[PDB]
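**Student:** Quick one: the structure is below, questions incoming.
Cβ placement follows ideal geometry from the backbone for every residue including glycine, while neighbour counts extend to all protein chains displayed. Every number here is computed from the coordinates shown, using simple stated rules; none is lab data.
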Ligand SMILES: *Cc1ccc(C(=O)NCC2CCOCC2)cc1
Ligand SMILES: *Cc1ccc(C(=O)NCC2CCOCC2)cc1
Ligand SMILES: [Cl-]
Ligand SMILES: [Cl-]
């Protein structure tokens with residue numbers, strides 16, 4: 001997207017979101033990142049929403065095909081699962097490439113740095129979901145390390161009700177439960193996150209209260225499923 | 001898909017449908033058609049379902065963007081609508097190319113020939129939905145001609161409850177109402193189709209009765225909207 | 001005005 | 001187990 005203006009790429013990403021054209025959205029936001037300027041709060045959300053939708057569809061397809069494949073155990077089901085898996089890995093690698101070149105190194109404010117590091121943890125988590133061979137352990141540790149650095153910053157620099165801090169803790173708890181085989185750590189993190197947010201709600205406006213309690217309900221839903 | 005076996009392409013189209021990967025589905029079915037053999041009843045359905053889903057998403061996106069564009073009347077909204085429009089036209093052209101090379105000319109049985117001609121009418125109808133300039137009239141006449149030839153065969157060779165005959169009449173009535181500015185023809189066709197099917201239901205098994213009455217309800221829904 | 005949905009095999 | 005949906009801007 002080298003010949004399109006940055007502002008036009010951002011405008012078209014918003015249009016693609018309205019049209020539910022998430023592959024286009026992701027390509028426009030990739031082009032915007034590659035302009036080399038830092039991203040605003042809204043622009044970071046557009047980047048994240050675009051790729052979450054793209055990889056979300058790939059993950060859902062991979063799970064369907066992996067399930068069919070396990071029930072069978074010709075080459076077609078494995079071959080097609082492999083094709084989807086490779087395409088998913090390519091999207092995760094693309095996002096991780098954008099974070100590494102050069103979103104994270106230029107992110108100095110807590111809100112941007114925690115956001116990008118949460119993203120890094122998430123896309124390594126998606127790689128871990130399909131990983132088997134020599135690198136599954138290294139991929140898991142890469143997810144854990146990104147999430148941990150984001151946690152450390154968010155606990156130092158953000159209030160316990162901050163939605164980015166809450167969504168980070170939510171996803172790190174899912175990482176513990178689903179990827180790291182640490183359900184007790186998952187439950188403990190979700191509980192402590194919920195309780196510390198509840199005690200901070202009194203400081204918030206009506207709109208901020210709505211933002212934070214929405215994500216706290218997601219923590220509660222997981223705890224209900226896990227206990 | 002020249003190097004993949006026809007049977008593997010068909011198997012992977014079915015897997016793609018289960019995974020809701022309709023672009024893949026369409027590419028696999030395009031490869032199966034290009035093997036040069038006629039398609040079975042099930043294979044025709046796979047081809048149709050794949051491309052209906054692909055173009056269905058494109059049409060929905062185009063309508064969102066066209067609506068935004070009309071509310072505005074920079075170049076971005078028009079440019080992006082044009083991009084989606086061009087991609088939609090390319091998919092319609094691809095389907096019409098498959099029908100012309102060489103599905104229709106090899107289709108001798110009523111069930112296959114009516115099916116392909118209905119498809120031809122549908123994809124010209126989708127082209128007509130976005131057409132404006134010198135060829136909108138020719139595109140509309142191409143849709144009408146395909147639908148008309150399919151109608152003539154279906155009335156001669158199929159019972160009034162045949163689901164292909166009913167779905168053809170349903171879509172031709174939508175063509176009359178939405179494209180040809182002939183709402184009275186649309187209503188008359190839907191009414192006569194419904195009434196002649198109702199009088200033939202007594203001949204059907206329980207399962208065929210369910211298939212036909214489902215499509216008759218779609219005719220009824222349109223009549224309720226149009227009257 | 002609905003055409004045949006035709007989205008499911 | 002639900003992560004952040006994160007699908008809507
Ligand atoms: C990583 C992350 C953190 C927080 C959010 C967020 O606030 N999302 C808003 C969602 C939709 C409406 O309410 C619940 C969540 C997204 C991503
Ligand atoms: C062109 C055409 C004709 C008929 C059909 C059909 O039978 N579709 C089955 C649908 C799903 C279940 O019941 C209602 C319609 C498709 C396409
Ligand atoms: Cl494949
Ligand atoms: Cl564009």
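**Student:** Which of the residues spanning region B:48-75 are closer than 16 Å to residue B:131 by Cβ and within 16 Å of ligand 2 (Cβ to nearest atom)?
**Tutor:** B:55
**Student:** Condition check: within 14 Å of chain A (Cβ to nearest Cβ) and away from ligand 4 (no atom under 16 Å from the Cβ). Does residue B:101 satisfy that?
**Tutor:** On the way: within 14 Å of chain A (Cβ to nearest Cβ): no; away from ligand 4 (no atom under 16 Å from the Cβ): yes.
Spelling it out, it is not the case that residue B:101 is within 14 Å of chain A (Cβ to nearest Cβ) and away from ligand 4 (no atom under 16 Å from the Cβ).
**Student:** OK, next. Could you list all residues from region A:34-56 that are within 19 Å of the chain's Cα centre (by Cα) and over 22 Å from residue A:163 (Cβ atoms)?
**Tutor:** The one that is within 19 Å of the chain's Cα centre (by Cα) and over 22 Å from residue A:163 (Cβ atoms): A:54.
**Student:** Here's something else I'd like to know. Looking at B:171, B:162, B:73, B:181, can you tell me which residue is on the phi > 0 side of the Ramachandran plot and more than 16 Å from ligand 3 (Cβ to nearest atom)? So that I can check it myself, show each step before the final result.
**Tutor:** Values: B:171 fails: on the phi > 0 side of the Ramachandran plot; B:162 fails: on the phi > 0 side of the Ramachandran plot; B:73 fails: on the phi > 0 side of the Ramachandran plot.
Being on the phi > 0 side of the Ramachandran plot and more than 16 Å from ligand 3 (Cβ to nearest atom) holds for just one of B:171, B:162, B:73, B:181, which is B:181.
**Student:** Right, next: Could you tell me whether any residue of region A:39-58 is more than 16 Å from ligand 1 (Cβ to nearest atom), within 14 Å of chain B (Cβ to nearest Cβ) and within 23 Å of residue A:143 (Cα to Cα)?
**Tutor:** yes
**Student:** Residues that are within 14 Å of chain D (Cβ to nearest Cβ) and over 20 Å from the mean Cα position of the chain (by Cα): list the helices (runs of 4 or more DSSP H) wholly contained in region A:142-227 that include at least 3 such residues. Quick ask: steps written out before the conclusion?
**Tutor:** Values: elements: A:163-174, A:183-198, A:206-226.
Those helices (runs of 4 or more DSSP H) span A:206-226.
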